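**Q** Just one file: run05.tsv, with TSV, N, CA and C atoms.
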```tsv
chain	number	residue	atom	x	y	z
A	1	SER	N	118.18	114.45	97.92
A	1	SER	CA	116.80	114.78	97.51
A	1	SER	C	116.38	116.16	98.03
A	2	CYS	N	117.32	116.89	98.61
A	2	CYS	CA	117.05	118.23	99.10
A	2	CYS	C	117.48	119.27	98.07
A	3	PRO	N	116.63	120.28	97.82
A	3	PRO	CA	116.91	121.33	96.83
A	3	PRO	C	117.92	122.36	97.34
A	4	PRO	N	118.89	122.74	96.49
A	4	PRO	CA	119.90	123.74	96.83
A	4	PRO	C	119.28	125.11	97.09
A	5	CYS	N	119.68	125.73	98.19
A	5	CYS	CA	119.10	127.00	98.61
A	5	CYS	C	120.06	128.16	98.38
A	6	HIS	N	120.61	128.21	97.18
A	6	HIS	CA	121.52	129.29	96.81
A	6	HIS	C	120.91	130.12	95.68
A	7	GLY	N	119.65	129.82	95.39
A	7	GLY	CA	118.94	130.48	94.31
A	7	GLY	C	117.82	129.61	93.81
A	8	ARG	N	117.03	129.11	94.75
A	8	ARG	CA	116.00	128.14	94.46
A	8	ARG	C	114.66	128.80	94.20
A	9	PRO	N	113.77	128.08	93.51
A	9	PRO	CA	112.36	128.44	93.44
A	9	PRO	C	111.71	128.35	94.81
A	10	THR	N	110.89	129.33	95.15
A	10	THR	CA	110.22	129.34	96.44
A	10	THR	C	109.05	128.38	96.43
A	11	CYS	N	108.44	128.28	95.26
A	11	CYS	CA	107.27	127.42	95.01
A	11	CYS	C	106.38	127.24	96.23
A	12	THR	N	105.84	128.34	96.70
A	12	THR	CA	104.99	128.33	97.89
A	12	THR	C	103.52	128.28	97.50
A	13	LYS	N	103.24	128.59	96.24
A	13	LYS	CA	101.88	128.49	95.72
A	13	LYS	C	101.40	127.04	95.75
A	14	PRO	N	100.13	126.83	96.13
A	14	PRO	CA	99.57	125.48	96.29
A	14	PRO	C	99.10	124.84	94.99
A	15	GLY	N	99.23	125.57	93.88
A	15	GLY	CA	98.78	125.05	92.61
A	15	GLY	C	97.32	125.36	92.36
A	16	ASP	N	96.86	126.50	92.86
A	16	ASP	CA	95.49	126.94	92.65
A	16	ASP	C	95.35	127.57	91.27
A	17	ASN	N	96.38	128.29	90.86
A	17	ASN	CA	96.42	128.89	89.53
A	17	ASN	C	97.04	127.92	88.54
A	18	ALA	N	97.26	126.70	89.00
A	18	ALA	CA	97.88	125.67	88.20
A	18	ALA	C	96.97	124.44	88.13
A	19	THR	N	97.05	123.71	87.03
A	19	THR	CA	96.26	122.51	86.85
A	19	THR	C	97.10	121.35	86.28
A	20	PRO	N	97.82	121.55	85.16
A	20	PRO	CA	98.70	120.52	84.59
A	20	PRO	C	99.89	120.23	85.50
A	21	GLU	N	100.83	119.42	85.01
A	21	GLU	CA	102.09	119.15	85.70
A	21	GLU	C	102.77	120.44	86.20
A	22	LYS	N	102.29	121.59	85.74
A	22	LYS	CA	102.79	122.87	86.21
A	22	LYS	C	102.65	122.99	87.73
A	23	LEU	N	101.65	122.31	88.30
A	23	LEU	CA	101.48	122.33	89.75
A	23	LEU	C	102.34	121.28	90.43
A	24	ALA	N	102.77	120.28	89.67
A	24	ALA	CA	103.59	119.20	90.20
A	24	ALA	C	104.84	119.77	90.85
A	25	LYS	N	105.34	120.84	90.25
A	25	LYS	CA	106.47	121.59	90.79
A	25	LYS	C	106.20	121.99	92.23
A	26	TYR	N	105.08	122.67	92.44
A	26	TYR	CA	104.71	123.19	93.74
A	26	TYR	C	104.39	122.06	94.70
A	27	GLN	N	103.73	121.04	94.19
A	27	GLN	CA	103.37	119.87	94.99
A	27	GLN	C	104.62	119.21	95.56
A	28	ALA	N	105.57	118.96	94.68
A	28	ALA	CA	106.84	118.36	95.07
A	28	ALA	C	107.61	119.29	95.99
A	29	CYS	N	107.58	120.58	95.65
A	29	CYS	CA	108.28	121.60	96.43
A	29	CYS	C	107.75	121.65	97.85
A	30	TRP	N	106.43	121.57	97.99
A	30	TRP	CA	105.79	121.58	99.29
A	30	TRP	C	106.21	120.39	100.13
A	31	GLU	N	106.38	119.26	99.47
A	31	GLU	CA	106.81	118.04	100.15
A	31	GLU	C	108.27	118.14	100.57
A	32	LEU	N	109.02	119.00	99.90
A	32	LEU	CA	110.44	119.19	100.19
A	32	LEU	C	110.63	119.95	101.50
A	33	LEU	N	109.55	120.50	102.05
A	33	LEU	CA	109.60	121.21	103.32
A	33	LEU	C	109.98	120.27	104.46
A	34	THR	N	109.98	118.99	104.18
A	34	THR	CA	110.42	117.98	105.13
A	34	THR	C	111.92	118.08	105.36
A	35	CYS	N	112.63	118.59	104.36
A	35	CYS	CA	114.06	118.80	104.46
A	35	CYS	C	114.35	120.28	104.70
A	36	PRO	N	115.05	120.60	105.79
A	36	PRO	CA	115.35	121.98	106.14
A	36	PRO	C	116.45	122.58	105.26
A	37	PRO	N	116.20	123.76	104.69
A	37	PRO	CA	117.17	124.49	103.88
A	37	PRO	C	118.08	125.35	104.74
A	38	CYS	N	119.05	125.98	104.11
A	38	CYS	CA	120.03	126.81	104.80
A	38	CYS	C	119.37	128.07	105.37
```
Would you mind writing the file's structure down as C-alpha coordinates?
**A**
Amino acid sequence: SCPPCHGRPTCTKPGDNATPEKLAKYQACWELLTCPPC
(Lines of atoms letter the chains of each structure in order from A and count residues from 1; the text may use other names and numbers.)
(Lines give C-alpha, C1' and ligand atoms only; values in the text may rest on other atoms or scores of the structure.)
Protein backbone atom coordinates (compact mmCIF):
# COMPACT_ATOMS: atom_id res chain seq x y z
CA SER A 1 0.00 0.00 0.00
CA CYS A 2 3.08 2.23 -0.22
CA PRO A 3 3.61 4.35 -3.37
CA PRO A 4 6.79 3.80 -5.44
CA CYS A 5 9.25 6.67 -5.05
CA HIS A 6 11.05 6.39 -8.38
CA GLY A 7 8.89 8.99 -10.06
CA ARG A 8 5.85 9.56 -7.91
CA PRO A 9 3.34 12.40 -7.62
CA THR A 10 4.28 14.68 -4.74
CA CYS A 11 0.63 15.48 -4.09
CA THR A 12 1.42 17.88 -1.27
CA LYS A 13 -1.49 20.18 -2.06
CA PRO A 14 -4.33 19.85 0.51
CA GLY A 15 -7.07 20.00 -2.11
CA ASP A 16 -7.84 23.69 -1.72
CA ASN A 17 -7.84 24.23 -5.48
CA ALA A 18 -9.65 20.92 -5.74
CA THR A 19 -13.22 19.90 -4.97
CA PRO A 20 -14.22 16.68 -6.87
CA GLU A 21 -12.45 13.31 -6.55
CA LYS A 22 -9.54 15.35 -7.95
CA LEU A 23 -8.68 16.07 -4.30
CA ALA A 24 -9.08 12.41 -3.34
CA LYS A 25 -5.64 11.95 -4.87
CA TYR A 26 -4.10 14.43 -2.46
CA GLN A 27 -6.18 13.21 0.46
CA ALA A 28 -5.02 9.64 -0.06
CA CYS A 29 -1.49 10.83 -0.80
CA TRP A 30 -1.39 12.76 2.48
CA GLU A 31 -2.44 9.63 4.33
CA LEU A 32 0.39 7.76 2.61
CA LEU A 33 2.83 9.86 4.67
CA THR A 34 2.36 7.14 7.26
CA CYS A 35 4.61 4.99 5.06
CA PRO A 36 8.19 6.28 4.67
CA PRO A 37 9.51 6.57 1.09
CA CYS A 38 13.08 6.09 -0.13
**Q** Leaving out segment 21-33 of chain A and any residue of its chain fewer than 5 positions from it, which residues lie within 6.5 Å of it when counting only N, CA and C atoms, given as a ChimeraX atom specification?
**A** /A:11-15
**Q** Got a sec to tell me which of chain A DSSP assigns to helix (DSSP H, G or I), as a ChimeraX atom specification?
**A** /A:21-34
**Q** Just to confirm, what's the straight-line distance from atom N of residue 34 of chain A to atom N of residue 7 of chain A in Å (one decimal)?
**A**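 About the pair atom N of residue 34 of chain A and atom N of residue 7 of chain A: they are 17.0 Å apart.
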**Q** Around segment 10-15 of chain A, fit a box with edges along x, y and z, padding it by 5 Å on each side, then list its centre and edge lengths in Å to one decimal as JSON.
**A**
```
{"center_x": 104.1, "center_y": 127.1, "center_z": 95.1, "size_x": 23.6, "size_y": 14.5, "size_z": 15.5}
```
**Q** Have a look at atom C of residue 37 of chain A and atom CA of residue 4 of chain A and let me know their distance in Å, one decimal.
**A**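 If I compute the distance from atom C of residue 37 of chain A to atom CA of residue 4 of chain A, I get 8.3 Å.
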